[PDB]
Amino acid sequence: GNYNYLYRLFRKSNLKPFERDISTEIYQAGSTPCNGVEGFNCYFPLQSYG
Amino acid sequence: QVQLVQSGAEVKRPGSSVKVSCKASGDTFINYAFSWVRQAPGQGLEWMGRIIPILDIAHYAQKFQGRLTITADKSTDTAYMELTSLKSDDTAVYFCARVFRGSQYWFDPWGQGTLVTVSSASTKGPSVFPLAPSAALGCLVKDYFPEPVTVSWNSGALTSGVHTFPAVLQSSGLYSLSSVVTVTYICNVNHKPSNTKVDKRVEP
Amino acid sequence: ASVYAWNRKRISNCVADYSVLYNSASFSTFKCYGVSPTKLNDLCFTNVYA
Amino acid sequence: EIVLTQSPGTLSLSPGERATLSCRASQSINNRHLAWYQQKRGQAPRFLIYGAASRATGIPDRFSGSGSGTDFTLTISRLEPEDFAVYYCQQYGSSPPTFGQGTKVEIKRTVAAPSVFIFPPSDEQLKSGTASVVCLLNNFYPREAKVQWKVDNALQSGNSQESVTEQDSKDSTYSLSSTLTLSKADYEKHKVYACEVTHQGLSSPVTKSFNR
């Protein structure tokens, strides 16, 4: 498995044409503020293809 | 479930490049970050650095910005650690933790730890001394650097009620421990790396 | 029930809310396969099972 | 956010009472980001509470904590003998994660009395140069002890107080000791080597004073 390719799985809003977003902030899911921590209702935006 | 198996203790010399491994079994290796925390004897814990396997980026501390080199093999699911220019105060228990992939995280899983002894002069064995009292008696062995030495009284005969004193660093630079048991008085010293199975007798 | 005699109960003709389950901070795992963990209050189904 | 100081440090509590471990915040922890652990003797720490309010799956219900902005506690009810270990604090509200010193919870046993036993140097030590004088203090509950050494006409310390540590035994009794390191001829060319200790709740008697 080659895990050197990633794709942004979670996003707050849709991406604009010809726009680049390289941030790795914690996706705010649900209603509990993540405040930077991961776990329940807080997923990582990037995911490996495998 | 996250069995973070590590390697064994390595007897190094002042100034080297250690390489400690951490087998990360259980769940996937890319969905969780990893961080190494040192534990000095009687000095709590200290966060050295952290590695992100999915991003292949590290975040070192102020006191390790340039000396520590923490990597992680994404194929064998093993995290590595490397530190250049090891000084004398580096004899700590290095643990392996599996932190989350966030800016703020906690150390939920841990490891067995490796007692990497850096300050070392030689591999001299101990020397038994039959200190007799004025049947309270013991066998004091000193001047031994590796310190796996267990003092088995008569291969387990007089071990009923014996007190294994933890070894303390002597002023010379080598460890030293004692074992006094009161009531056959052949204290069998066992040094594994040096193969020093010496036996001495003490009389009251 | 047990694992070999899992008793299902269908519930239809109702206004079901899933926010009390996702935003509860009491469940261990909430892996939603197929559908997204959020936006589930905007998918009107015929009949659901449990 | 950078400094964590355990207020109790040590706590000799009865096996079944309630405990309270404090960890004062230094730089106004923002979102109650603190974690508690349990580092047993020669083992790995165990995660107990995250966020200072919520417990982890598998941790008994006796473990609980409280604290909002500058001081967090750890309320453990009916401490079992297995819960006698070192507990640390870890804050994750700032960028650099920091720890504390740890609080060791020991068994609350009755006061005991040590036994001063002095061991004259061996025959080989008196002919080599490593003459040792071991003074063992066994079966004492109060670990606080300052063993004196009358190696000379006065209370000279020298290298006798090498401080071999001890550990909590099964019967809640400690065992300290102290050995000497001097020349093979310096032992005889001295006064009586006595060993006394100002024990908590006792006196400092000279016992087993061996004359050269």
Discussion item. What do you get for trypsin sites (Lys or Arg not before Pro) in chain A restricted to DSSP loop and a cutoff of at most 14 other Cβ within 10 Å of the site's Cβ?
Written reply: A:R11, A:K12, A:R20
Worksheet item: If you wrap a convex hull around the C-alpha atoms of segment D:115-199 and split its volume per residue, what is the figure in Å³?
Response: 91
Response to the item:
Too long for a 26 Å Cα-Cα cut-off, among B:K19/D:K170; B:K197/D:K208; B:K200/D:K184; B:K19/B:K197; B:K19/B:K142, are B:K19/D:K170; B:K197/D:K208; B:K19/B:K197; B:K19/B:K142
Item to complete: Evaluate the charge dipole of the protein assembly as shown about its Cα centre and quote only its size in Debye, nearest 20, assuming +1 on the Cβ of each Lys and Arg and -1 on the Cβ of each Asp and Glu.
Response: 540
Worksheet item: Can you give the mean number of other chain Cβ atoms that lie within 10 Å of the Cβ atoms in peptide D:32-44?
Response: 3
Discussion item. Relative contact order for chain D: what percent, with Cα pairs under 8 Å and sequence separation of 6 or more?
Written reply: 18
Item to complete: Rank D:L182, C:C44, A:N35 by how far each Cα sits towards the positive end of the charge dipole of the protein assembly as shown (+1 on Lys, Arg Cβ; -1 on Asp, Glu Cβ) and give me just the farthest.
Response: C:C44
Practice prompt. Kindly provide log₁₀ I(q)/I(0) values, in the same order as q = 0.07, 0.12, 0.16 Å⁻¹, from the Debye equation applied to equal alpha-carbon scatterers of chain D.
Written response: -0.34, -0.75, -0.97
Discussion item. Over chain D, with a Gaussian network built from C-alpha contacts below 10 Å, which listed residue (D:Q101, D:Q125, D:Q43) shows the highest mean-square fluctuation?
Written reply: D:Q43
Item to complete: Holding the Cα-Cα limit at 31 Å, pick out from A:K12/C:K31; B:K192/D:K127; B:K87/D:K150; B:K12/B:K63 the pairs that are longer than that.
Response: B:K87/D:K150
Worksheet item: With each label point set 7 Å from Cα along the Cα-Cβ vector, what nm distance links C:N7 and B:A121?
Response: 7.7
Worksheet, complete the sentence: Each residue of D:116-122 has, on average, a number of other protein chain C-beta atoms within 10 Å of its C-beta equal to 6
Fill in: Sequence-distant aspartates and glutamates (8 or more away, or on other chains) whose Cα lies within less than 20 Å of C:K9
C:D17
Fill in: Listed residues A:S13, A:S31, A:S23, most fluctuating in chain A (Gaussian network, C-alpha, under 10 Å)
A:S13
Worksheet, complete the sentence: Between A:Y27 and residues 5 or more places away or on another chain, the pairs with built amide H atoms under 5 Å apart involve A:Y43
Fill in: Distance from chain A to segment D:51-102 (C-alpha centre basis), Å
31
Worksheet item: Using the 10 angstrom Cβ neighbour count as an exposure proxy, how do B:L68, B:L177, A:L9 rank, fewest first?
Response: A:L9, B:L68, B:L177
Worksheet item: Using only the Cα atoms, what convex hull volume per residue in Å³ does the protein assembly as shown have?
Response: 216
Fill in: Residue order, fewest to most beta carbons within 10 Å, for B:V93, C:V3, B:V37, D:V111
C:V3, D:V111, B:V93, B:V37
Worksheet item: Whole-Hz Karplus ³J(HN,Hα) for segment B:44-56, in order, using 6.51 cos²θ - 1.76 cosθ + 1.60 and θ = phi - 60°, x for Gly and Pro?
Response: x, 10, 8, 7, 7, x, 7, 10, 10, x, 6, 9, 6
Response to the item:
In order over segment D:124-132: 3J(HN,Hα) from phi, Karplus 6.51/-1.76/1.60, θ = phi - 60°, whole Hz, x for each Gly or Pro, gives 6, 5, 6, 10, 10, x, 10, 5, 10
Worksheet entry | Least to most buried among B:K192, B:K23 (fewest other Cβ within 10 Å first) | B:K192, B:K23
Worksheet item: For segment D:134-181 and segment C:1-35, what is the separation of their Cα centres, given in Å?
Response: 64
Response to the item:
For segment C:19-26, in residue order, the Karplus 3J(HN,Hα) values (coefficients 6.51, -1.76, 1.60; θ = phi - 60°; whole Hz; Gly and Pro = x) are 6, 6, 9, 6, 8, 10, 6, 10
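Please note: Cβ atoms are built from the backbone with ideal geometry, for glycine as well, and neighbour counts cover all protein chains shown. None of the figures in this text is laboratory data; all of them are computed from the coordinates on show.
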